[PDB]
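Worksheet: one structure, shown below.
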There are 2 protein chains.
Amino acid sequence: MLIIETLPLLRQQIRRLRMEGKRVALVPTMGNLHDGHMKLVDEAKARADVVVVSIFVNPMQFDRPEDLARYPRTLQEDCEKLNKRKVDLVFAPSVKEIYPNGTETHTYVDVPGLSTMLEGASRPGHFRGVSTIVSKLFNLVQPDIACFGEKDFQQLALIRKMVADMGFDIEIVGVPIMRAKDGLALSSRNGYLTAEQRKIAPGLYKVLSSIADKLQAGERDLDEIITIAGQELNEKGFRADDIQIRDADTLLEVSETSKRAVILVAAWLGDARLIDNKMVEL
Amino acid sequence: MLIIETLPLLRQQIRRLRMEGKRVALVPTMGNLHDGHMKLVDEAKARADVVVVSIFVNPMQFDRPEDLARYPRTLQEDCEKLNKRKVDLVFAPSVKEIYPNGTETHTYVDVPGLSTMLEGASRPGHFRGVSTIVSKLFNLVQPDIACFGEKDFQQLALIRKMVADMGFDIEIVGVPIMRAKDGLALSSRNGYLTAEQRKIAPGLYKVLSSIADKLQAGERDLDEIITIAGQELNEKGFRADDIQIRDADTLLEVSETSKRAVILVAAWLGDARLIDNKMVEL
């Protein structure tokens with residue numbers, strides 16, 4: 001497993017891989033890798049000849065410099081994990097290598113609408129940071145395929161739109177949330193549930209799946225759908241916290257034009273705030 | 001010569017050229033081609049196996065609908081010219097092919113600083129329109145080389161900065177403006193030159209060349225270089241010179257960090273007002 005830190009050396013490896021006709025997959029990350037990321041790598045290994053993982057804590061997508069400074073860095077552990085997964089190349093550049101003149105005067109890429117809704121409304125500049133570094137990485141790595149998790153549904157929608165709009169010939173693979181055999185989304189948060197709570201916890205996915213079924217069956221009274229969903233969660237032992245249904249492609253309210261919906265649920269159980277999402281074809 | 005109008009069909013051709021192992025030069029244009037565009041094509045042909053010319057009147061870089069609608073569209077005559085030049089492929093998409101959902105919500109690319117200075121300052125959104133469509137063309141065509149005319153020095157700097165920042169593996173070639181064998185910059189305004197004035201007119205490029213030579217030799221007293229150039233022009237019969245010297249990469253004053261300069265000059269020959277330009281490596 002090669003670990004590459006500079007642009008010239010990356011371009012050399014990438015040119016040579018492609019010269020040899022290898023199909024390349026890219027998994028962009030900011031390090032601090034966990035099982036979620038290992039599934040992205042496994043999907044990339046099955047779909048391509050060569051897998052490239054980028055590890056870069058990107059200053060452009062942080063709200064303030066103190067947050068950037070506190071972000072966890074675990075490069076050695078990250079590299080041990082990817083080496084065990086047989087990754088071919090890790091690109092781990094410094095901030096000066098990527099942003100030699102800083103970020104403020106660097107060219108950027110902005111996806112209208114998606115970047116300034118939901119999470120992006122409370123984090124100005126964040127998604128601009130995401131679309132800029134992912135575009136740069138696509139040009140540097142020239143992948144055939146790139147893998148992103150469905151848990152971060154907003155980033156996935158953002159990148160899908162960026163790719164379509166900017167003409168990149170890259171397949172974007174959205175990797176579904178990993179689940180236990182009973183349907184519960186795997187998460188560190190499950191660690192805070194008592195055993196009796198752990199037995200109740202699969203109810204969240206059941207309710208989420210119920211919502212999807214209704215939507216798939218033409219129900220469009222979202223307010224009622226959501227009211228019943230909360231009641232059901234609460235009668236199960238949860239404390240419903242937030243339930244939202246949106247257009248999956250544009251992240252706007254579902255309308256007569258929506259073709260896919262994304263459902264987001266959060267509900268407290270004990271000291272855990274469990275979270276899940278699902279996309280449904282319309 | 002192939003004429004391609006849709007993205008899927010262009011992509012097919014780009015895949016074919018990759019399989020054939022051909023190096024590709026791209027010449028982006030907004031059509032309504034003339035001899036100076038033919039000079040771009042000839043430079044592309046000399047540097048690559050295959051030449052792709054794009055013809056697309058990009059709404060995103062137009063101030064008002066009026067100006068867009070009124071822009072001359074002459075595809076057939078453009079295509080007859082490129083065929084005589086032995087161009088391999090012409091990409092001429094429709095607006096809906098490029099901007100199926102309009103330009104306002106389309107992903108965009110912005111280059112700080114360069115986009116808002118000089119001509120950029122009075123034309124909000126204009127250079128964002130350019131960086132956007134050129135990035136898209138680069139992603140669609142994936143050329144090895146792209147050719148741009150030196151006369152639009154602001155665009156050239158804009159695209160060189162975009163390429164460096166966004167990580168495109170593409171050589172950007174600036175093509176010096178077209179010129180008579182005696183050195184006179186070609187121009188529709190030349191027609192107003194009488195026989196005698198046409199005889200004096202090559203002196204302008206001689207003075208420009210002298211400025212260029214001085215900057216090459218290390219000279220950095222711009223005011224003095226420019227005052228002397230004005231005196232030389234006066235002596236040859238020109239009047240009311242307007243001469244500017246800029247860093248060609250940042251478009252600001254020449255500095256200790258400057259690596260390239262653009263010299264711009266305008267001078268009157270009787271009632272005719274001649275302009276010319278020259279770029280120089282420092």
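Tell me whether region B:26-35 contains one or more residues that are farther than 26 Å from B:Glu104 by Cα, within 14 Å of another protein chain (Cβ to nearest Cβ) and part of a strand (DSSP E or B). Checked region B:26-35: at least one residue is farther than 26 Å from B:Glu104 by Cα, within 14 Å of another protein chain (Cβ to nearest Cβ) and part of a strand (DSSP E or B). In the set (1) under 13 Å from A:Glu281 (Cβ atoms); (2) in contact (Cβ under 8 Å) with a residue 24 or more places away in the chain; (3) in a helix (DSSP H, G or I), the condition left unmet by A:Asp213 is number (2). Annotation for region A:20-28: no member residue is hydrophobic (A, V, I, L, M, F, W, C) and out of contact with any strand residue (DSSP E or B) (no Cβ under 9 Å at 6 or more places or on another chain). Only one entry in A:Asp165, A:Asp182 is acidic (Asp, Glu) and either part of a strand (DSSP E or B) or more than 10 Å from every other protein chain (Cβ to nearest Cβ) (or both), namely A:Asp182. Among the residues of region A:233-246, the ones that are part of a helix (DSSP H, G or I) and loosely packed, with under 15 Cβ neighbours inside 10 Å come to 2 in all.
Contact map, region B:142-153: first residue touching a residue at least 24 places away in the same chain (Cβ under 8 Å), second residue part of a strand (DSSP E or B) and basic (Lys, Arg), Cβ cut-off under 9 Å, separation 6 or more or different chains; pairs are B:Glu150/B:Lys278; B:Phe153/B:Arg246.
Of all residues in region A:10-21, those that are more than 11 Å from chain B (Cβ to nearest Cβ) have Cβ atoms under 7 Å from Cβ atoms of residues that are aliphatic (A, V, I, L, M), 6 or more apart or on another chain, in A:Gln13/A:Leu2; A:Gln13/A:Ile4; A:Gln13/A:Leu89; A:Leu17/A:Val24; A:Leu17/A:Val50. Residue count for region B:139-162 satisfying the condition of being more than 10 Å from chain A (Cβ to nearest Cβ), aliphatic (A, V, I, L, M) and assigned to a helix (DSSP H, G or I): 3.
Of the residues in region B:223-232, not one is within 30 Å of B:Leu158 (Cβ to Cβ), touching a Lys or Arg at 6+ places or on another chain (Cβ under 9 Å), outside any strand (DSSP E or B) and not aliphatic (A, V, I, L, M).
One line per residue, one yes/no per condition, for (1) in contact with a strand residue (DSSP E or B) (Cβ under 9 Å, 6 or more places away or on another chain); (2) without any contact (Cβ under 8 Å) to a residue 40 or more places away in the chain:
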{"position": "A:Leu204", "(1), (2)": "yes, no"}
{"position": "A:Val207", "(1), (2)": "yes, no"}
{"position": "A:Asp221", "(1), (2)": "no, yes"}
{"position": "A:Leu233", "(1), (2)": "yes, yes"}
{"position": "A:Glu253", "(1), (2)": "yes, yes"}
{"position": "A:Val262", "(1), (2)": "yes, no"}
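Of the residues that make up region A:238-253, is at least one within 30 Å of B:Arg128 (Cα to Cα), among the polar types (S, T, N, Q) and in the same structural domain as A:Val27 (by CATH)? No: zero hits. Among the residues of region A:247-276, those that are outside any strand (DSSP E or B) and on the phi < 0 side of the Ramachandran plot comprise A:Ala248, A:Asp249, A:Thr250, A:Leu252, A:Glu253, A:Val254, A:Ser255, A:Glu256, A:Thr257, A:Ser258, A:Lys259, A:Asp271.
Table: residues versus (1) exposed (fewer than 12 other Cβ atoms within 10 Å of the Cβ); (2) outside the structural domain of B:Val175 (by CATH); (3) closer than 30 Å to A:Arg23 by Cβ.
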site: B:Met1; (1), (2), (3): no, no, no
site: B:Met30; (1), (2), (3): no, no, no
site: B:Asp67; (1), (2), (3): yes, no, no
site: B:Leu82; (1), (2), (3): no, no, no
site: B:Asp88; (1), (2), (3): no, no, yes
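Kindly indicate the residue of region B:92-107 that is under 22 Å from B:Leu75 (Cβ atoms) and either touching an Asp or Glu at 6+ places or on another chain (Cβ under 8 Å) or not assigned by CATH to the domain that holds B:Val50 (or both) and also surrounded by the fewest Cβ atoms within 10 Å (Cβ to Cβ) among those meeting that condition. That would be B:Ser94. Of the helices (runs of 4 or more DSSP H) lying entirely inside region B:47-118, those carrying at least 1 residues that are touching a residue at least 40 places away in the same chain (Cβ under 8 Å) and away from chain A (no Cβ under 14 Å) are B:75-84. For A:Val173, the requirement of being surrounded by fewer than 21 Cβ atoms within 10 Å (Cβ to Cβ) and more than 14 Å from every other protein chain (Cβ to nearest Cβ) is met.
Only residues that are in a loop (DSSP other than H, G, I, E, B) and over 24 Å from the mean Cα position of the chain (by Cα) were counted in region A:6-25, giving 4.
Evaluate the following for B:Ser122: is it away from chain A (no Cβ under 14 Å), polar (S, T, N, Q), without any contact (Cβ under 8 Å) to a residue 60 or more places away in the chain and more than 17 Å from B:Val53 (Cα to Cα)?
Here the answer is yes, as B:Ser122 does meet what is asked.
All of B:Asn190, B:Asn234 fail the test of being outside the structural domain of B:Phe153 (by CATH) and within 21 Å of the chain's Cα centre (by Cα), apart from B:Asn190.
Note that each Cβ is placed from the backbone with ideal geometry, even for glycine, and that neighbours are counted across all protein chains shown. What is reported rests on the model, the rules as stated and the sources as named; these are not laboratory values.
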